[PDB]
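Have a look below at one chain only, the form deposited in one PDB entry, in structure tokens format.
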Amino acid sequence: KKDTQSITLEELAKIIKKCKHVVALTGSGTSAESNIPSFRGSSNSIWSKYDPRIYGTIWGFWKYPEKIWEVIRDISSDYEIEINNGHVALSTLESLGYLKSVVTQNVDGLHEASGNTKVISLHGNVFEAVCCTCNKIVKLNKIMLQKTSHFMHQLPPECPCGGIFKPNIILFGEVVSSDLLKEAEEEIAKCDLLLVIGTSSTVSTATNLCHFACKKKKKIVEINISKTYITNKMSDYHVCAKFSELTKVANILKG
């Protein structure tokens, strides 16, 4: 427990200006304004439409591997998924020489698409698939994820060997690999500021990385439309703002 003081976007800017190695921790909050639904119970959740028991678990995948591809296929095709100002904001913060890494739980690859250089994907990424028998990795893209694509024509997509392609994202019942977790630890260890942007709703890999940050005495700044699990627990400051309002911050540090 500790005191988390609310500050303003312009106050945050003043904090960042002094720092030299900023890391951003990002969850579904950073993608909401790109029309990507969340994956918990946040009202804007994907689980309105699909049963998580069947569509989101490894044992659900083992028995009905097509279903998670229906999910991915539908989202890619039916929603106007594009970069938002927050992503442009972050990208320019990296261009300005302050933001060094982004550890994300998002599977949409938007940070990278924004022009950030070092993106650690805790929950994997929807643009890789892996054959479940021969381990062939195939890198995908928007076009191959479309409902009319050849790749999507027969579900589940099949490897040349005859095996079944699994999307390279963490499902319910899978743990994040140790080495990926360490890459995230290693980046936080050497940071002088941590932005927890649009995440920490609930205990998760991200919460634990925030705890790690406290243990390492790192200044934490929370940017979120609401309070969260780490507020008055591990975060030092809180900025109540939507992700896209970060352009307010990028503009100031540009001048």
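Only the largest set of C-alpha atoms that superpose within 1.5 Å between the two forms is called the rigid core. Just count from 1 along the sequence shown to find any residue number.
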> Taking only the CA atoms, which stretch has the higher mean B-factor in the record, 103-111 or 177-185?
Replying inline: 177-185
> Looking at the entry, does 123-131 or 87-95 show the higher mean C-alpha B-factor?
Replying inline: 123-131
> Lowest, middle or highest third: where is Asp51 by Cα B-factor in its chain?
Replying inline: highest
> Ranked by Cα temperature factor within the chain, is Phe61 in the lowest third, the middle third or the highest third?
Replying inline: lowest
> Mind checking which third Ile170 falls in for C-alpha B-factor across the chain?
Replying inline: middle
> By its CA B factor, does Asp236 count among the lowest, middle or highest third of the modelled residues in the chain?
Replying inline: middle
>> Please say which third, lowest, middle or highest, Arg73 falls into when its CA temperature factor is compared across its chain.
In response: lowest
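This next part talks about the form deposited in another entry, which is not shown.
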> Among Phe212, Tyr229, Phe39, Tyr50, whose C-alpha is off by 2 Å or more between this form and the one not shown on a rigid-core fit?
Replying inline: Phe39
>> Having a change of 3 Å or more in the C-alpha distance between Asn44 and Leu195, I'd like to know whether it is closer or farther in the other form than in the form here.
In response: farther
> With a C-alpha distance change of 3 Å or more, do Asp74 and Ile46 lie closer or farther in the other form?
Replying inline: closer
